[PDB]
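Structure data (mmCIF, C-alpha atoms and all ligand atoms) from protein32.cif:
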data_my_file
loop_
_atom_site.label_atom_id
_atom_site.label_comp_id
_atom_site.auth_asym_id
_atom_site.auth_seq_id
_atom_site.Cartn_x
_atom_site.Cartn_y
_atom_site.Cartn_z
CA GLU A 4 -2.63 -68.64 152.24
CA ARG A 5 -1.14 -68.43 155.77
CA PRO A 6 0.19 -64.87 156.33
CA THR A 7 3.75 -64.01 157.29
CA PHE A 8 4.04 -63.13 160.96
CA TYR A 9 6.51 -60.83 162.68
CA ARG A 10 7.52 -60.67 166.34
CA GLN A 11 7.73 -57.70 168.71
CA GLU A 12 8.11 -57.30 172.49
CA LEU A 13 5.63 -54.85 174.02
CA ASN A 14 5.40 -54.46 177.82
CA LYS A 15 7.11 -57.86 178.31
CA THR A 16 4.67 -59.55 175.90
CA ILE A 17 5.73 -61.26 172.66
CA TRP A 18 3.31 -60.12 169.95
CA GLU A 19 3.41 -62.38 166.84
CA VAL A 20 0.95 -60.94 164.29
CA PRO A 21 0.57 -60.98 160.51
CA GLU A 22 2.44 -58.24 158.57
CA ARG A 23 -0.91 -56.57 157.68
CA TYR A 24 -0.97 -55.18 161.28
CA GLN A 25 1.46 -52.32 161.83
CA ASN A 26 2.10 -49.50 164.31
CA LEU A 27 1.23 -51.65 167.33
CA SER A 28 0.88 -49.71 170.56
CA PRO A 29 -0.40 -50.88 174.03
CA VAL A 30 -3.83 -49.62 175.16
CA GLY A 31 -4.25 -51.80 178.27
CA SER A 32 -4.10 -55.26 179.82
CA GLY A 33 -5.38 -57.56 182.58
CA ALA A 34 -5.49 -61.23 183.66
CA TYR A 35 -7.46 -62.36 180.59
CA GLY A 36 -5.66 -60.31 177.91
CA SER A 37 -3.43 -57.60 176.47
CA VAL A 38 -4.72 -55.01 173.98
CA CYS A 39 -2.85 -53.01 171.30
CA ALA A 40 -3.94 -50.43 168.83
CA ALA A 41 -2.72 -50.99 165.29
CA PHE A 42 -3.29 -50.07 161.66
CA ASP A 43 -4.65 -52.76 159.36
CA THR A 44 -3.08 -52.16 155.93
CA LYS A 45 -5.50 -54.56 154.16
CA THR A 46 -8.77 -52.81 155.25
CA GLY A 47 -7.31 -49.44 156.17
CA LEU A 48 -8.98 -49.59 159.57
CA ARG A 49 -7.60 -48.55 162.91
CA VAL A 50 -8.03 -51.72 164.93
CA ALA A 51 -7.76 -53.16 168.41
CA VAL A 52 -5.93 -56.45 168.63
CA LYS A 53 -6.42 -58.46 171.82
CA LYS A 54 -3.91 -61.13 172.72
CA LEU A 55 -5.46 -63.67 175.10
CA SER A 56 -3.39 -64.53 178.17
CA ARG A 57 -2.83 -68.26 178.72
CA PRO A 58 -6.08 -69.14 176.96
CA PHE A 59 -5.76 -72.89 177.68
CA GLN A 60 -4.16 -73.01 181.17
CA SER A 61 -7.20 -74.64 182.81
CA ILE A 62 -10.62 -76.03 181.92
CA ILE A 63 -12.26 -72.77 182.98
CA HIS A 64 -9.89 -70.71 180.79
CA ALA A 65 -10.21 -73.00 177.77
CA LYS A 66 -14.04 -72.90 177.94
CA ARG A 67 -13.96 -69.15 178.35
CA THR A 68 -11.72 -68.81 175.23
CA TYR A 69 -14.01 -71.02 173.19
CA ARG A 70 -17.09 -69.06 174.49
CA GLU A 71 -15.73 -65.63 173.46
CA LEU A 72 -14.84 -66.77 169.96
CA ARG A 73 -18.21 -68.42 169.47
CA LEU A 74 -19.88 -65.16 170.67
CA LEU A 75 -17.74 -62.83 168.53
CA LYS A 76 -18.05 -64.97 165.37
CA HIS A 77 -21.87 -64.93 165.81
CA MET A 78 -22.42 -61.16 166.51
CA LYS A 79 -23.16 -59.32 163.28
CA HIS A 80 -25.01 -56.13 164.05
CA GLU A 81 -24.39 -52.34 163.56
CA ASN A 82 -24.67 -51.70 167.34
CA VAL A 83 -22.60 -54.64 168.54
CA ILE A 84 -18.87 -55.36 168.26
CA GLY A 85 -17.82 -56.97 164.92
CA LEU A 86 -14.92 -59.50 164.74
CA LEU A 87 -12.59 -58.35 161.96
CA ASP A 88 -10.07 -61.15 162.30
CA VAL A 89 -8.93 -63.92 164.57
CA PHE A 90 -5.56 -65.54 164.19
CA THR A 91 -2.87 -67.73 165.75
CA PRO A 92 0.84 -67.91 164.75
CA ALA A 93 0.85 -71.74 165.17
CA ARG A 94 0.96 -73.89 162.00
CA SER A 95 -0.86 -76.82 163.63
CA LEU A 96 -2.90 -77.85 166.66
CA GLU A 97 0.11 -79.50 168.28
CA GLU A 98 1.66 -76.07 168.71
CA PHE A 99 -1.63 -74.10 169.04
CA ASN A 100 -1.26 -71.99 172.24
CA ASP A 101 -2.07 -68.35 171.37
CA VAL A 102 -5.19 -66.57 170.09
CA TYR A 103 -5.53 -62.98 168.94
CA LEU A 104 -8.79 -61.15 168.17
CA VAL A 105 -9.18 -58.04 166.09
CA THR A 106 -11.96 -55.47 165.93
CA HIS A 107 -12.49 -51.76 165.09
CA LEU A 108 -10.66 -49.46 167.48
CA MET A 109 -12.76 -47.63 170.00
CA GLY A 110 -10.89 -44.80 171.74
CA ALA A 111 -14.01 -42.92 172.98
CA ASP A 112 -16.59 -44.65 175.23
CA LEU A 113 -19.95 -43.40 176.66
CA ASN A 114 -18.23 -42.62 179.96
CA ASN A 115 -16.16 -39.84 178.31
CA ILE A 116 -19.18 -38.72 176.25
CA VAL A 117 -21.20 -38.22 179.48
CA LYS A 118 -18.37 -36.38 181.34
CA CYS A 119 -17.00 -34.17 178.55
CA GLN A 120 -20.01 -32.85 176.56
CA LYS A 121 -23.55 -31.44 176.70
CA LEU A 122 -26.20 -34.06 175.90
CA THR A 123 -29.59 -33.00 174.56
CA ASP A 124 -32.78 -35.09 174.84
CA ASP A 125 -32.34 -35.93 171.13
CA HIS A 126 -28.80 -37.26 171.89
CA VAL A 127 -30.22 -39.37 174.70
CA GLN A 128 -33.00 -40.60 172.43
CA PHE A 129 -30.40 -41.69 169.85
CA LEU A 130 -27.92 -43.30 172.29
CA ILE A 131 -30.47 -45.37 174.24
CA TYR A 132 -32.23 -46.35 170.95
CA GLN A 133 -28.94 -47.83 169.75
CA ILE A 134 -28.31 -49.68 173.07
CA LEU A 135 -31.79 -51.24 172.87
CA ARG A 136 -31.45 -52.07 169.14
CA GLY A 137 -28.17 -53.94 169.84
CA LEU A 138 -29.81 -55.53 172.85
CA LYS A 139 -32.86 -56.75 170.90
CA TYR A 140 -30.38 -58.47 168.56
CA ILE A 141 -28.31 -60.15 171.23
CA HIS A 142 -31.28 -61.17 173.42
CA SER A 143 -32.84 -62.70 170.29
CA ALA A 144 -29.86 -65.18 170.38
CA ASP A 145 -30.45 -65.79 174.10
CA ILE A 146 -27.14 -63.97 174.78
CA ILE A 147 -27.08 -61.96 178.02
CA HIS A 148 -24.43 -59.23 178.37
CA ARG A 149 -24.66 -59.06 182.23
CA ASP A 150 -22.08 -56.22 182.53
CA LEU A 151 -23.54 -53.33 180.58
CA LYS A 152 -21.99 -50.10 181.81
CA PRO A 153 -20.83 -46.91 180.11
CA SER A 154 -17.23 -48.22 179.66
CA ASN A 155 -18.57 -51.08 177.45
CA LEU A 156 -20.23 -48.75 174.97
CA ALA A 157 -18.17 -47.27 172.15
CA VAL A 158 -19.39 -43.96 170.72
CA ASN A 159 -17.91 -42.37 167.56
CA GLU A 160 -17.96 -38.67 166.54
CA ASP A 161 -21.27 -39.13 164.66
CA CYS A 162 -22.75 -40.52 167.94
CA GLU A 163 -22.93 -44.09 166.54
CA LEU A 164 -22.77 -46.68 169.35
CA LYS A 165 -21.47 -50.23 169.69
CA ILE A 166 -21.86 -52.60 172.59
CA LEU A 167 -18.77 -54.49 173.49
CA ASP A 168 -17.07 -56.03 176.48
CA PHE A 169 -13.70 -54.57 177.45
CA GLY A 170 -13.30 -56.97 180.42
CA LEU A 171 -9.67 -58.16 180.63
CA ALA A 172 -9.86 -59.68 184.16
CA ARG A 173 -12.12 -61.91 186.31
CA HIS A 174 -15.40 -60.77 187.93
CA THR A 175 -14.42 -61.44 191.57
CA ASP A 176 -15.77 -60.48 195.01
CA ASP A 177 -13.02 -57.88 195.47
CA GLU A 178 -13.69 -56.27 192.03
CA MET A 179 -17.35 -55.75 193.13
CA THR A 180 -16.56 -54.41 196.62
CA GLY A 181 -16.94 -50.79 197.66
CA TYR A 182 -17.49 -47.56 195.78
CA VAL A 183 -17.00 -48.96 192.25
CA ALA A 184 -18.50 -48.43 188.73
CA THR A 185 -18.23 -52.23 188.53
CA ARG A 186 -21.41 -52.70 190.57
CA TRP A 187 -23.42 -49.47 189.99
CA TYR A 188 -25.19 -50.74 186.88
CA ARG A 189 -26.05 -54.26 188.03
CA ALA A 190 -29.63 -55.44 188.45
CA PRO A 191 -30.27 -56.12 192.12
CA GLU A 192 -31.07 -59.78 191.54
CA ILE A 193 -27.57 -60.50 190.20
CA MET A 194 -25.84 -58.05 192.60
CA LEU A 195 -27.32 -59.91 195.65
CA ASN A 196 -28.08 -63.26 193.92
CA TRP A 197 -31.85 -63.26 194.56
CA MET A 198 -32.70 -65.86 191.92
CA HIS A 199 -32.02 -67.36 188.53
CA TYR A 200 -31.55 -64.19 186.42
CA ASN A 201 -33.03 -63.46 182.98
CA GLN A 202 -32.01 -61.26 180.04
CA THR A 203 -33.90 -58.28 181.56
CA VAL A 204 -30.84 -57.80 183.84
CA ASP A 205 -29.51 -55.86 180.86
CA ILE A 206 -32.62 -53.59 180.83
CA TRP A 207 -31.99 -52.54 184.42
CA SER A 208 -28.48 -51.53 183.33
CA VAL A 209 -29.93 -49.52 180.41
CA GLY A 210 -32.17 -47.60 182.83
CA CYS A 211 -29.25 -46.64 185.04
CA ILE A 212 -27.33 -45.50 181.93
CA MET A 213 -30.25 -43.61 180.45
CA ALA A 214 -30.71 -41.83 183.80
CA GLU A 215 -27.05 -40.90 183.90
CA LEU A 216 -27.18 -39.46 180.39
CA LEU A 217 -30.16 -37.36 181.55
CA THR A 218 -28.71 -36.02 184.78
CA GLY A 219 -25.00 -36.43 184.08
CA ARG A 220 -24.68 -38.31 187.36
CA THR A 221 -24.60 -41.96 188.55
CA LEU A 222 -28.08 -43.20 189.52
CA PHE A 223 -27.07 -45.60 192.24
CA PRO A 224 -23.49 -44.86 193.36
CA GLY A 225 -23.55 -47.25 196.35
CA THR A 226 -20.47 -47.35 198.62
CA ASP A 227 -21.14 -51.11 199.05
CA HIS A 228 -23.79 -53.72 198.00
CA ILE A 229 -26.26 -52.82 200.83
CA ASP A 230 -25.91 -49.02 200.52
CA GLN A 231 -26.59 -49.59 196.81
CA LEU A 232 -29.74 -51.63 197.65
CA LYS A 233 -30.95 -48.82 199.89
CA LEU A 234 -30.38 -46.28 197.08
CA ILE A 235 -32.35 -48.52 194.71
CA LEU A 236 -35.27 -49.26 197.04
CA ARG A 237 -35.58 -45.62 197.99
CA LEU A 238 -36.37 -44.79 194.31
CA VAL A 239 -38.31 -47.82 193.20
CA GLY A 240 -39.89 -48.83 196.54
CA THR A 241 -39.43 -51.95 198.68
CA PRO A 242 -40.70 -55.36 197.42
CA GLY A 243 -44.30 -56.38 197.85
CA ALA A 244 -45.56 -59.91 198.54
CA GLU A 245 -45.33 -61.16 194.95
CA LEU A 246 -41.67 -60.28 194.34
CA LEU A 247 -40.44 -61.60 197.72
CA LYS A 248 -41.96 -65.01 196.99
CA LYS A 249 -39.92 -65.14 193.79
CA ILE A 250 -36.63 -64.52 195.70
CA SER A 251 -35.47 -68.13 196.28
CA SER A 252 -32.56 -66.97 198.44
CA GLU A 253 -34.18 -67.37 201.89
CA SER A 254 -31.16 -65.45 203.20
CA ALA A 255 -31.72 -62.56 200.71
CA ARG A 256 -35.47 -62.63 201.35
CA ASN A 257 -35.20 -62.31 205.14
CA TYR A 258 -32.80 -59.32 204.93
CA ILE A 259 -35.38 -57.49 202.76
CA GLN A 260 -38.29 -57.75 205.19
CA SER A 261 -36.11 -56.12 207.89
CA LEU A 262 -36.21 -52.93 205.80
CA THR A 263 -38.83 -50.28 206.48
CA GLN A 264 -41.37 -50.24 203.67
CA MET A 265 -41.08 -47.37 201.16
CA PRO A 266 -43.22 -46.37 198.18
CA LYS A 267 -41.82 -45.84 194.72
CA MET A 268 -40.98 -42.14 194.35
CA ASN A 269 -42.25 -39.76 191.74
CA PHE A 270 -39.73 -39.97 188.88
CA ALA A 271 -40.76 -36.52 187.56
CA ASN A 272 -39.51 -35.06 190.85
CA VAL A 273 -36.16 -36.97 190.62
CA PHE A 274 -35.54 -36.42 186.89
CA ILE A 275 -36.43 -32.75 186.85
CA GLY A 276 -36.97 -31.12 183.44
CA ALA A 277 -36.75 -34.39 181.50
CA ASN A 278 -39.03 -35.38 178.63
CA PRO A 279 -42.14 -36.94 180.31
CA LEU A 280 -41.71 -39.81 177.83
CA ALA A 281 -38.14 -40.45 179.11
CA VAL A 282 -39.51 -40.53 182.66
CA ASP A 283 -42.23 -42.94 181.53
CA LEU A 284 -39.72 -45.29 179.87
CA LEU A 285 -37.49 -45.15 182.93
CA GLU A 286 -40.39 -46.19 185.20
CA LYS A 287 -40.80 -49.26 182.91
CA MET A 288 -37.07 -50.21 182.94
CA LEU A 289 -36.34 -49.59 186.64
CA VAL A 290 -38.74 -52.14 188.05
CA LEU A 291 -37.62 -54.41 190.87
CA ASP A 292 -39.47 -57.46 189.56
CA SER A 293 -37.53 -58.58 186.49
CA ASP A 294 -40.64 -60.45 185.18
CA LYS A 295 -42.38 -57.03 184.83
CA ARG A 296 -39.53 -55.05 183.27
CA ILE A 297 -39.94 -53.77 179.74
CA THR A 298 -37.99 -55.88 177.15
CA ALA A 299 -35.70 -54.24 174.46
CA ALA A 300 -38.14 -55.15 171.68
CA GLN A 301 -41.03 -53.55 173.61
CA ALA A 302 -38.93 -50.48 174.50
CA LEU A 303 -38.09 -49.81 170.85
CA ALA A 304 -41.83 -49.37 170.20
CA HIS A 305 -42.05 -46.69 172.96
CA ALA A 306 -43.09 -43.10 172.03
CA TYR A 307 -39.80 -41.72 173.28
CA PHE A 308 -38.01 -43.09 170.20
CA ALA A 309 -40.62 -42.18 167.52
CA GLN A 310 -37.93 -40.14 165.74
CA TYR A 311 -35.82 -43.29 165.25
CA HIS A 312 -37.95 -46.41 165.53
CA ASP A 313 -38.07 -48.34 162.30
CA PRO A 314 -39.50 -51.83 162.73
CA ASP A 315 -37.92 -52.91 159.35
CA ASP A 316 -34.41 -51.92 160.42
CA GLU A 317 -34.30 -53.50 163.92
CA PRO A 318 -33.01 -57.02 163.07
CA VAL A 319 -32.89 -60.17 165.19
CA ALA A 320 -29.91 -62.61 165.43
CA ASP A 321 -29.54 -65.94 163.60
CA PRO A 322 -30.07 -68.95 165.87
CA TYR A 323 -27.08 -69.36 168.23
CA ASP A 324 -26.26 -72.86 169.46
CA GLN A 325 -25.18 -72.61 173.07
CA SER A 326 -25.39 -76.31 173.96
CA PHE A 327 -21.59 -76.26 174.76
CA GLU A 328 -22.36 -74.36 177.96
CA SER A 329 -23.75 -77.61 179.50
CA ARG A 330 -20.78 -79.55 178.17
CA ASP A 331 -17.97 -80.99 180.34
CA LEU A 332 -14.70 -81.51 178.41
CA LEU A 333 -10.89 -81.58 178.76
CA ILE A 334 -8.56 -78.61 178.21
CA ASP A 335 -7.36 -80.34 174.99
CA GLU A 336 -10.96 -80.79 173.76
CA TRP A 337 -11.92 -77.16 174.36
CA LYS A 338 -8.65 -76.24 172.57
CA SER A 339 -9.39 -78.21 169.38
CA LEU A 340 -12.94 -76.84 169.26
CA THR A 341 -11.32 -73.38 169.55
CA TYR A 342 -8.77 -74.27 166.82
CA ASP A 343 -11.58 -75.31 164.42
CA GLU A 344 -13.28 -71.95 164.94
CA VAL A 345 -9.99 -70.08 164.29
CA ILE A 346 -9.37 -71.98 161.06
CA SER A 347 -12.97 -71.65 159.93
CA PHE A 348 -13.23 -67.82 160.41
CA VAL A 349 -14.42 -65.82 157.39
CA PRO A 350 -13.84 -62.05 157.59
CA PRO A 351 -16.75 -59.70 156.96
CA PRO A 352 -17.39 -58.04 153.49
CA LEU A 353 -14.60 -55.55 152.64
CA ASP A 354 -14.96 -53.10 154.27
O1 LIG A 401 -15.85 -57.15 173.11
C1 LIG A 401 -15.65 -58.36 173.24
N1 LIG A 401 -14.45 -58.93 172.90
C2 LIG A 401 -13.38 -58.25 172.30
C3 LIG A 401 -12.89 -58.69 171.07
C4 LIG A 401 -11.85 -58.08 170.41
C5 LIG A 401 -11.22 -56.99 171.03
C6 LIG A 401 -10.10 -56.11 170.66
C7 LIG A 401 -9.98 -55.24 171.70
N2 LIG A 401 -10.93 -55.49 172.68
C8 LIG A 401 -11.11 -54.75 173.94
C9 LIG A 401 -12.28 -53.76 173.77
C10 LIG A 401 -11.93 -52.75 172.72
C11 LIG A 401 -12.41 -52.89 171.41
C12 LIG A 401 -12.04 -51.96 170.46
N3 LIG A 401 -11.25 -50.93 170.78
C13 LIG A 401 -10.76 -50.78 172.00
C14 LIG A 401 -11.08 -51.68 173.01
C15 LIG A 401 -11.70 -56.55 172.30
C16 LIG A 401 -12.76 -57.19 172.94
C17 LIG A 401 -16.75 -59.20 173.78
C18 LIG A 401 -16.47 -60.44 174.37
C19 LIG A 401 -17.51 -61.22 174.85
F1 LIG A 401 -17.24 -62.41 175.43
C20 LIG A 401 -18.84 -60.75 174.76
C21 LIG A 401 -19.16 -59.52 174.15
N4 LIG A 401 -20.51 -59.01 174.10
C22 LIG A 401 -21.52 -59.96 174.57
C23 LIG A 401 -22.93 -59.40 174.61
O2 LIG A 401 -23.27 -58.58 173.49
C24 LIG A 401 -22.26 -57.61 173.22
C25 LIG A 401 -20.92 -58.28 172.90
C26 LIG A 401 -18.09 -58.76 173.69
#
Would you mind writing the file's structure down as structure tokens?
Ligand SMILES: O=C(Nc1ccc2ccn(CCc3ccncc3)c2c1)c1cc(F)cc(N2CCOCC2)c1
Amino acid sequence: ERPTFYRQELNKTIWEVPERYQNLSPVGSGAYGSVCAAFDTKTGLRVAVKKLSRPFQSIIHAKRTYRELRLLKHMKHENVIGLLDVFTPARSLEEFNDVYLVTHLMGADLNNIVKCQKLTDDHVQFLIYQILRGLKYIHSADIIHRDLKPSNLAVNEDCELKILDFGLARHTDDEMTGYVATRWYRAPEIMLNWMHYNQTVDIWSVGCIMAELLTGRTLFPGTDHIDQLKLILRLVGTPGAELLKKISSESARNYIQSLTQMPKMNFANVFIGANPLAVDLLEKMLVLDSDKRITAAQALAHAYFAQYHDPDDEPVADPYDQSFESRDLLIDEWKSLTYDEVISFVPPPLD
């Protein structure tokens, strides 16, 4: 049953993959992984193959490897990345040291859609509807994306959208410093660590994306974390009594009350010419208090998407057991858990 593997050096990386994968070519890499494009001769699909970099070098890395595979094996939704294959060249656990993941090849993301074409209200309707439909699914499994930005959304020529995560390196202080797309879509409560965050972090990110599809421009292109907070508060208004109380960071909470109070602005006078229903939806997404933000499920029932809403084709996820996240284990334990998931993978219906 075990395929035959062949070797190849590509940018100083030894790729050992099954013979089904041909025409391997580097797309990109980082600390957590290397990615190639290839052609899958079994399914006939252009695919991305990610080779994980030192997946078991520490506890943190091992747990991270296990986490991603558990996530990917669970996600089965039209608007969310599907796992086509996972494999390792190793014939046993003793020699299990490499993991490769395969999915459908992107190419075009929402970033290049927004820069290099005219988007109509009906295109915006369709693209945000598909982000929220994917999001209803993943939130239903208590999965939080936390890094939704236009580079993590794949968009094909028919305007069909998938949510993925193309993060190949760590989410460090330096990667979030300055004038960077890395921070522009983050809910303020996670950007400044105000509190224990909830899944409505992702809804904040949708609002910033929806706004950018409407105007063609970044909503909050802060030059640093504080400049970004100023851009945000200028639009949505400074916190009132109720929200401040909920900010457990005494340090965060005292910086806020130094700011001069500002009202929420008129969104119709920022988003000029836009569908009044878009503006309405945006006002419900872009709300400082995460408790009061619209959820994906609620947002799908909004008038703005009447053209597309179908309550019988907006599925929820099967229960997802995340108890491992509380679990403390050894590198070797995380590794064998990971091995069991590799060996147990069943590919999706062909094709
Ligand atoms: O996208 C993820 N992983 C992944 C798996 C396989 C491949 C192959 C290539 N890449 C890089 C991205 C890419 C894909 C296709 N074509 C070009 C590039 C992979 C990345 C991924 C990982 C996660 F930990 C969470 C989510 N989320 C969690 C929350 O819900 C959404 C899914 C997605």
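The spacing separating atom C15 of ligand LIG 401 (chain A) from CA of residue 92 in chain A amounts to 18.5 Å.
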Sort by chain and increasing residue number a table of all residues of range 145-182 of chain A within 12 Å of range 53-60 of chain A, each with its closest pair of atoms and their distance in Å to one decimal, counting all atoms listed in the file, and write it as JSON lines.
{"residue": "A:168", "atom": "CA", "partner": "A:53", "partner_atom": "CA", "distance": 11.9}
{"residue": "A:169", "atom": "CA", "partner": "A:53", "partner_atom": "CA", "distance": 10.0}
{"residue": "A:170", "atom": "CA", "partner": "A:53", "partner_atom": "CA", "distance": 11.1}
{"residue": "A:171", "atom": "CA", "partner": "A:55", "partner_atom": "CA", "distance": 8.9}
{"residue": "A:172", "atom": "CA", "partner": "A:56", "partner_atom": "CA", "distance": 10.1}
List the neighbours of residue 191 in chain A out to 9 Å using only C-alpha atoms; skip same-chain residues closer than 6 positions along the sequence, and give me the result as a PDB file with C-alpha atoms, in the coordinates of the input.
ATOM      1  CA  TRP A 197     -31.850 -63.260 194.560  1.00  0.00           C
ATOM      2  CA  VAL A 204     -30.840 -57.800 183.840  1.00  0.00           C
ATOM      3  CA  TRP A 207     -31.990 -52.540 184.420  1.00  0.00           C
ATOM      4  CA  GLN A 231     -26.590 -49.590 196.810  1.00  0.00           C
ATOM      5  CA  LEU A 232     -29.740 -51.630 197.650  1.00  0.00           C
ATOM      6  CA  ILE A 235     -32.350 -48.520 194.710  1.00  0.00           C
ATOM      7  CA  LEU A 291     -37.620 -54.410 190.870  1.00  0.00           C
TER       8      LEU A 291
END
Show me which residues sit within 8 Å of ligand LIG 401 (chain A) when counting all atoms listed in the file, and put them as an MDAnalysis selection string. chainID A and resid 30 38:40 50:53 70:72 74:75 78 83:84 86 104:110 137:138 141 146:149 155 157 166:171
Write the residues of the preceding selection, restricted to C-alpha atoms, as a PDB file, in the frame of the given file.
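Below is the file again-v7.pdb, written as the result:
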ATOM      1  CA  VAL A  30      -3.830 -49.620 175.160  1.00  0.00           C
ATOM      2  CA  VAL A  38      -4.720 -55.010 173.980  1.00  0.00           C
ATOM      3  CA  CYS A  39      -2.850 -53.010 171.300  1.00  0.00           C
ATOM      4  CA  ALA A  40      -3.940 -50.430 168.830  1.00  0.00           C
ATOM      5  CA  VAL A  50      -8.030 -51.720 164.930  1.00  0.00           C
ATOM      6  CA  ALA A  51      -7.760 -53.160 168.410  1.00  0.00           C
ATOM      7  CA  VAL A  52      -5.930 -56.450 168.630  1.00  0.00           C
ATOM      8  CA  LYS A  53      -6.420 -58.460 171.820  1.00  0.00           C
ATOM      9  CA  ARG A  70     -17.090 -69.060 174.490  1.00  0.00           C
ATOM     10  CA  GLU A  71     -15.730 -65.630 173.460  1.00  0.00           C
ATOM     11  CA  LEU A  72     -14.840 -66.770 169.960  1.00  0.00           C
ATOM     12  CA  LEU A  74     -19.880 -65.160 170.670  1.00  0.00           C
ATOM     13  CA  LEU A  75     -17.740 -62.830 168.530  1.00  0.00           C
ATOM     14  CA  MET A  78     -22.420 -61.160 166.510  1.00  0.00           C
ATOM     15  CA  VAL A  83     -22.600 -54.640 168.540  1.00  0.00           C
ATOM     16  CA  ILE A  84     -18.870 -55.360 168.260  1.00  0.00           C
ATOM     17  CA  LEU A  86     -14.920 -59.500 164.740  1.00  0.00           C
ATOM     18  CA  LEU A 104      -8.790 -61.150 168.170  1.00  0.00           C
ATOM     19  CA  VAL A 105      -9.180 -58.040 166.090  1.00  0.00           C
ATOM     20  CA  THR A 106     -11.960 -55.470 165.930  1.00  0.00           C
ATOM     21  CA  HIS A 107     -12.490 -51.760 165.090  1.00  0.00           C
ATOM     22  CA  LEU A 108     -10.660 -49.460 167.480  1.00  0.00           C
ATOM     23  CA  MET A 109     -12.760 -47.630 170.000  1.00  0.00           C
ATOM     24  CA  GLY A 110     -10.890 -44.800 171.740  1.00  0.00           C
ATOM     25  CA  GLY A 137     -28.170 -53.940 169.840  1.00  0.00           C
ATOM     26  CA  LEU A 138     -29.810 -55.530 172.850  1.00  0.00           C
ATOM     27  CA  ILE A 141     -28.310 -60.150 171.230  1.00  0.00           C
ATOM     28  CA  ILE A 146     -27.140 -63.970 174.780  1.00  0.00           C
ATOM     29  CA  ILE A 147     -27.080 -61.960 178.020  1.00  0.00           C
ATOM     30  CA  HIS A 148     -24.430 -59.230 178.370  1.00  0.00           C
ATOM     31  CA  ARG A 149     -24.660 -59.060 182.230  1.00  0.00           C
ATOM     32  CA  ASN A 155     -18.570 -51.080 177.450  1.00  0.00           C
ATOM     33  CA  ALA A 157     -18.170 -47.270 172.150  1.00  0.00           C
ATOM     34  CA  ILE A 166     -21.860 -52.600 172.590  1.00  0.00           C
ATOM     35  CA  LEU A 167     -18.770 -54.490 173.490  1.00  0.00           C
ATOM     36  CA  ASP A 168     -17.070 -56.030 176.480  1.00  0.00           C
ATOM     37  CA  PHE A 169     -13.700 -54.570 177.450  1.00  0.00           C
ATOM     38  CA  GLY A 170     -13.300 -56.970 180.420  1.00  0.00           C
ATOM     39  CA  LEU A 171      -9.670 -58.160 180.630  1.00  0.00           C
TER      40      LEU A 171
END
Spatial neighbours of range 313-319 of chain A, 10 Å, only C-alpha atoms, chain gap at least 4 places, as a PyMOL selection string: chain A and resi 79-81+133+135-144+300+303-304+308-309
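Across the structure, CA of residue 151 in chain A and CA of residue 65 in chain A are spaced 23.9 Å apart.
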Length of the CA of residue 184 in chain A to CA of residue 210 in chain A vector [Å]: 14.9 Å
